[PDB]
Novice: 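Sending over a structure as structure tokens; questions will come in a sec.
In what follows, every chain begins at residue 1, and chains take the letters A, B, ... in the order their sequences are listed. We count ligands from 1, going down the list as the structure has it; atoms in each ligand are counted the same way.
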Amino acid sequence: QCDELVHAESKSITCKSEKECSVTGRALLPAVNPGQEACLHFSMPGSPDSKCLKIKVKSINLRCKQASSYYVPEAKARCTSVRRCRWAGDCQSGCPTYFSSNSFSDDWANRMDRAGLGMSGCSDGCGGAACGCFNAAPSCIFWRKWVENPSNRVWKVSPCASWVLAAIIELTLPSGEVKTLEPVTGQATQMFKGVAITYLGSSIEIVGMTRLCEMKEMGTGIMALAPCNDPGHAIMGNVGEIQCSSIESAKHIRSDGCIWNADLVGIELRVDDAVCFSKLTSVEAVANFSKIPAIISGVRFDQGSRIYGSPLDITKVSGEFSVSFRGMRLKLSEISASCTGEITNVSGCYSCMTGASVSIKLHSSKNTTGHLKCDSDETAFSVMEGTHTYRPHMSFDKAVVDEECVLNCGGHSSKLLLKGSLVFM
Amino acid sequence: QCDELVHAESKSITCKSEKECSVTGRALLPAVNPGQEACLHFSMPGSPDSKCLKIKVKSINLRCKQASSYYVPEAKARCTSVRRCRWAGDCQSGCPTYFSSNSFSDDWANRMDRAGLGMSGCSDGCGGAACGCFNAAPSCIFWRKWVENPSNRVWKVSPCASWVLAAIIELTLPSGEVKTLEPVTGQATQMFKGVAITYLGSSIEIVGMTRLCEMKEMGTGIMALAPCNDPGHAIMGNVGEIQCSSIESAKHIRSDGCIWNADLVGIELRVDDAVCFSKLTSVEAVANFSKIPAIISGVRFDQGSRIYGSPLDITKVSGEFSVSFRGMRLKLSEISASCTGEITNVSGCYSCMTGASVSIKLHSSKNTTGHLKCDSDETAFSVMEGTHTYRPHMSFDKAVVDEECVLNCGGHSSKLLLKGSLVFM
Amino acid sequence: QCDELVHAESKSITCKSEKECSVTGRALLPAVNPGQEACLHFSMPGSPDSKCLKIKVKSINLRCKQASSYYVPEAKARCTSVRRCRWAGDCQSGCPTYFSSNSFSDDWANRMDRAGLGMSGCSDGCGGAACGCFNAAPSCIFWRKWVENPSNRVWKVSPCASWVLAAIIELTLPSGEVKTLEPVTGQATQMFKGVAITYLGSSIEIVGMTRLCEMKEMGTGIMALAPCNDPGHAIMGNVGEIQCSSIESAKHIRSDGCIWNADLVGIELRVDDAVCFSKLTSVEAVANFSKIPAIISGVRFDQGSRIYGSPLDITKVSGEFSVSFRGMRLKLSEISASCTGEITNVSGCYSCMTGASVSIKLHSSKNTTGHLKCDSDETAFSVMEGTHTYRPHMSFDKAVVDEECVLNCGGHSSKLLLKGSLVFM
Ligand SMILES: *[C@@H]1O[C@H](CO[C@@H]2O[C@@H](C)[C@@H](O)[C@@H](O)[C@@H]2O)[C@@H](O[C@@H]2O[C@H](CO)[C@@H](O)[C@H](O)[C@H]2NC(C)=O)[C@H](O[C@@H]2O[C@@H](C)[C@@H](O)[C@@H](O)[C@@H]2O)[C@H]1NC(C)=O
Ligand SMILES: *[C@@H]1O[C@H](CO[C@@H]2O[C@@H](C)[C@@H](O)[C@@H](O)[C@@H]2O)[C@@H](O[C@@H]2O[C@H](CO)[C@@H](O)[C@H](O)[C@H]2NC(C)=O)[C@H](O[C@@H]2O[C@@H](C)[C@@H](O)[C@@H](O)[C@@H]2O)[C@H]1NC(C)=O
Ligand SMILES: *[C@@H]1O[C@H](CO[C@@H]2O[C@@H](C)[C@@H](O)[C@@H](O)[C@@H]2O)[C@@H](O[C@@H]2O[C@H](CO)[C@@H](O)[C@H](O)[C@H]2NC(C)=O)[C@H](O[C@@H]2O[C@@H](C)[C@@H](O)[C@@H](O)[C@@H]2O)[C@H]1NC(C)=O
């Protein structure tokens with residue numbers, strides 16, 4: 001493959017603890033993008049020459065570092081009321097003073113788990129013969145609005161407080177052994193006689209991503225990745241507008257284990273009934289729409305029960321290596337790529353998080369990186385030797401695509417035309 | 001200009017595919033801040049010496065990577081009601097069972113686009129002669145609260161799911177040709193005989209920026225950058241508390257194309273009228289306050305119809321280059337700057353996103369970077385040769401500014417005094 | 001200490017302004033993690049050899065770059081009402097038209113700061129003898145719901161719009177002088193005869209952190225770090241659901257200096273009283289739970305009255321240096337560490353922002369970096385020579401810990417067993 005990646009080569013004197021000093025060769029690879037691979041040939045002065053040491057970055061991924069978790073139900077709004085004339089039942093003298101948001105009337109008809117999350121009260125109703133009462137003073141309306149979880153469906157929700165880079169590299173030793181591993185950052189690792197490699201860290205050009213949260217439906221394990229509320233903040237209109245501290249608490253939305261804002265349910269008292277209004281957000285609908293694998297604005301998120309993100313523009317992440325070699329000379333194998341191509345389609349949505357699909361047929365003499373810069377967006381992707389079609393996603397702002405793009409594949413540049421039609425949503 | 005920027009210079013043997021091996025000179029520039037420029041002199045063994053290759057970073061900017069878009073109206077709250085005695089009109093037997101949140105009474109007086117977003121209902125009202133009715137049973141109050149867009153003003157809102165770095169570099173070839181371009185990351189670009197340059201990527205020291213969204217007023221194109229709701233989440237108190245899927249849907253806030261939380265409008269039924277309460281957030285007021293260009297906490301945001309951010313502290317972003325040279329010797333031109341200065345003013349706000357303005361008159365023998373570290377904040381900016389006044393922004397926490405600051409300009413350090421007075425908001 | 005950190009060493013020709021050209025030695029340290037230290041020995045051709053120049057990264061921290069600030073009260077909900085028969089008091093002809101959300105009834109009993117934030121109104125009540133009135137037409141209910149701050153407790157809230165890296169380095173000159181400083185990024189600093197050092201910047205592998213806000217209780221100075229609302233957006237369920245523009249405005253929640261959503265307080269009118277509902281979020285409770293120092297998902301936040309964050313995985317931040325040396329030879333002192341250890345405990349919470357505590361006893365021949373990779377999480381920490389116990393935090397997803405972990409300490413790897421039990425919350 002033989003990418004040009006070694007950008008410094010040095011000979012330093014290194015000493016242990018009199019003193020024991022010797023010459024160390026060192027080769028610095030400041031920036032290696034996913035898919036790229038270097039080929040390093042070591043020969044001792046006596047020689048011949050080894051097959052090369054190959055150093056490839058397979059991927060540099062984003063791992064979710066979680067905030068505290070909580071559980072959410074698929075909640076449904078319910079309301080009930082019963083009216084008692086003054087001097088009847090509890091209404092001996094108007095609304096009884098104790099009857100408050102945790103109170104339950106025995107006169108109630110509907111589903112009343114007395115342990116469920118909700119809000120009760122009692123209100124004045126009309127009295128007199130006109131409203132079916134002997135006593136003309138106001139009647140009592142004992143009412144409750146609450147939420148239940150009839151489907152027993154529950155999601156564990158874990159906000160991603162940040163994402164952390166995690167590299168996977170692939171090394172081919174001159175013996176031919178292939179090693180695929182997450183390296184230990186900053187620790188020189190002896191690979192074979194006289195040669196050690198240090199992974200010096202990963203870097204990313206993507207700043208301040210939007211807050212996303214892992215969702216896992218319990219007892220089905222199916223995952224989603226979507227916005228959610230901070231733990232303990234029951235803000236209406238989001239996953240997490242109801243939050244529970246256990247699976248069972250969420251299954252039955254228990255008052256003692258769940259929080260909410262009671263305005264999620266509206267109740268309208270009428271003389272002889274009540275009208276219920278749901279302002280609830282369907283958790284199920286959000287998870288349906290947000291299933292993994294998903295492309296969200298330049299990053300593909302996928303599941304291993306942990307979620308990781310892969311930047312789609314592979315030139316926006318890189319890893320750095322240092323190679324030391326003792327008593328050996330280094331030669332680099334470096335070759336340019338012959339690569340040409342044409343766009344065969346653009347299709348999809350505009351002003352959408354997925355971005356449109358750009359279909360690009362390329363022929364390439366070796367594995368390399370394709371770059372596509374348009375006026376709306378720009379991206380890069382790995383290209384395989386031979387002739388193949390690639391479908392990177394790119395973001396456009398309008399239904400009509402008709403613009404100049406520049407394709408750069410292995411240093412060869414051409415001005416392609418992108419034309420197509422895209423939908424909203 | 002001649003900044004010290006080449007921090008490694010090497011001579012490696014590079015080979016193609018027997019084998020064809022030759023010596024490649026390589027120069028690594030690990031970190032170049034905006035405004036900085038290197039000067040590289042190449043001479044062949046026979047010589048004289050070329051004018052230099054100049055490599056300057058013009059800017060490293062943040063480009064908005066959008067989430068899905070939506071449209072928002074400048075919404076205004078409306079309410080209406082009509083009361084019908086029992087046995088009159090629809091109220092033949094109390095509130096009719098069908099009359100619900102999408103129902104419209106023909107008895108209504110006010111603006112009723114039956115396609116608009118809103119919520120209807122009917123409620124019991126007082127009956128009898130005391131409330132103007134023959135029948136003593138409860139009357140019916142048919143009511144609706146809704147939102148309209150009388151100004152027809154609409155903004156397209158595009159949340160920025162993340163920001164991505166984008167570099168602009170300026171190269172001066174020994175021939176004197178100046179090239180200003182966004183380079184292709186990771187691809188060696190042949191510049192002139194024997195010399196190629198690779199841009200190895202950009203890096204930024206600013207972590208996890210606050211969520212901002214592009215706003216564009218339709219039919220005026222004027223832009224703003226401000227917080228907003230995630231698409232599909234109609235959280236009250238934010239741009240995006242009402243969201244529409246098209247311009248026309250937003251112009252007339254259509255029920256079929258818009259979402260909201262109906263608690264954005266309050267209605268109070270009285271016997272013979274209703275009181276309307278608006279809890280709406282003015283979109284216009286947010287966009288007014290959030291016009292581009294804007295400084296938001298260390299980053300200047302500006303328009304090209306796309307928005308980009310420029311870190312104001314120019315030492316917090318950098319680009320990395322590698323230069324290869326074949327059959328040539330390299331010499332670096334590097335000069336230090338003579339530079340002194342004094343603070344002439346500090347004015348503005350404290351505890352504000354803009355930060356205060358610090359006025360600094362500097363004299364400098366060459367283009368260089370000024371650094372100002374204070375106890376409250378710290379920044380750096382590009383400085384031009386000659387005598388000029390600069391106005392970097394810095395953040396303070398109190399109305400009274402009276403503190404030690406250190407000014408570093410081209411390696412020369414001095415302890416300046418910052419004194420001034422600032423306002424809240 | 002003698003870490004392997006110099007990964008390039010070069011000899012370039014550098015020229016001033018005929019021309020004055022000379023040879024400059026340069027040593028590049030691409031990536032130095034906190035706790036690591038290099039030892040550089042300079043000898044002039046005549047020699048002996050200096051004690052070394054030591055270059056250590058003490059810390060690379062995250063500094064909060066603030067949005068605009070605001071003040072929040074510890075708010076408490078209040079309600080009052082008074083009912084006047086028709087033809088009595090203001091109720092001469094029903095609810096008076098002027099009586100609206102800023103109106104105050106002189107008939108009111110409760111705490112009425114007429115300058116406080118709140119919402120008034122008047123509503124129809126029942127008339128006639130049945131409701132204590134001679135006139136049978138509807139009575140008037142004059143009511144108000146508002147918020148007060150009885151404790152006078154106020155927090156200044158400053159959202160962190162982003163976090164910026166700030167490095168502290170420690171240099172030991174051959175003379176033995178120790179210098180601890182924040183370096184000036186990108187400026188070559190002359191250290192001693194012939195030697196200068198450039199700090200080339202900091203880098204971090206943590207992307208897009210969750211929005212946090214500094215909180216400072218006024219008149220106590222005690223700090224917290226917690227989510228909050230954007231300035232000017234009074235979204236219910238968060239710190240900042242009530243926002244004030246001054247300390248005094250927050251102390252008494254003045255209408256002219258504070259904003260809110262009036263649905264934070266509910267009022268239910270009954271015939272002869274009103275029921276008050278608080279939907280307020282206790283600011284005090286959030287600050288209590290969010291006190292500094294706090295570990296939030298991989299970062300320890302601590303106070304200097306400014307807050308800074310320290311990444312706990314020290315291999316996820318690094319600094320870069322360049323050293324120039326004039327007329328001298330360089331030798332590197334580099335030694336590997338002997339280091340072994342065992343896990344002695346894991347205790348704490350799962351699916352929590354703190355993460356569990358893993359207790360690790362290590363013996364090490366020198367200061368070095370310990371790395372612990374488990375299936376749930378992975379971290380690294382600084383290790384001191386000798387035998388010591390370390391307690392890095394790691395995130396697990398389940399109450400039962402029983403998994404393979406790999407410990408890497410100075411290049412020595414061992415597969416440890418992690419077993420323990422953790423709680424939710
Ligand atoms: C050339 O690239 C192939 C990989 O293509 C995949 O798509 C690329 C565009 C990019 O996305 C890359 O990340 C992908 O891996 C390599 O072959 C594949 O290697 C994977 C191992 O992960 C293996 O599962 C596939 O079967 C294999 N063949 C395919 C996809 O047709 C080539 O890798 C070399 O050749 C392979 C046969 C194997 O020996 C591998 O270890 C070698 O690196 C790439 N060519 C070269 C010369 O590297
Ligand atoms: C010295 O810097 C000038 C630029 O000043 C601007 O402000 C700086 C403090 C910093 O913000 C920088 O980003 C700005 O560009 C250069 O001159 C300007 O170059 C721009 C090109 O972008 C041009 O539009 C201006 O007319 C020009 N003159 C000004 C602003 O007075 C100097 O650049 C060199 O000289 C120019 C005449 C041009 O030949 C340019 O290509 C050269 O780089 C800077 N001096 C040197 C020696 O580089
Ligand atoms: C070995 O590390 C000691 C520091 O340990 C602390 O914990 C580490 C695991 C890591 O978290 C690190 O950041 C911490 O500083 C050093 O000694 C300490 O140095 C600090 C100065 O910040 C000082 O306050 C302590 O008293 C001191 N001794 C302790 C904690 O026992 C060693 O530093 C060297 O030796 C010191 C005596 C001092 O001369 C210092 O300047 C030296 O660097 C570290 N050893 C070596 C050889 O560097």
Novice: Taking any residue with a non-hydrogen atom under 4.0 angstrom from an atom of ligand 3, which ones do you get?
Specialist: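 Contacts of ligand 3 under 4.0 Å: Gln1(C), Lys56(C), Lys58(C), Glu170(C), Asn367(C), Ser382(C), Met384(C), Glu385(C).
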Novice: Taking atom types as modelled, find out whether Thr315(B) and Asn33(B) have a side-chain donor-acceptor pair closer than 3.5 angstrom.
Specialist: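 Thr315(B) vs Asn33(B): no donor-acceptor pair found between side chains.
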Novice: Work out which heavy atom in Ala38(C) is nearest to a heavy atom in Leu29(C); give both atom names and the distance.
Specialist: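 The answer is CB-CD2, 4.0 Å.
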Novice: Would you mind writing out the side-chain donor-acceptor pairs for residues 165-183 of chain C within the sub-3.5 Å range, not counting sequence neighbours?
Specialist:
residue: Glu170(C); atom: OE1; partner: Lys58(C); partner atom: NZ; Å: 2.9
residue: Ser175(C); atom: OG; partner: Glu177(C); partner atom: N; Å: 3.3
residue: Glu182(C); atom: OE1; partner: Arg63(C); partner atom: NH1; Å: 3.4
residue: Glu182(C); atom: OE1; partner: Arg63(C); partner atom: NH2; Å: 3.4

Novice: Within the 3.5 Å criterion, strictly below it, is a donor on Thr379(B) or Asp313(B) matched to an acceptor on the partner's side chain?
Specialist: no
Novice: Answer yes or no: is there a side-chain heavy-atom contact under 4.5 Å between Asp3(B) and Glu334(B)?
Specialist: no
Novice: Kindly check if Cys39(C) and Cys2(C) bring their SG atoms closer than 2.5 angstrom.
Specialist: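 Disulfide absent: SG-SG distance not under 2.5 Å.
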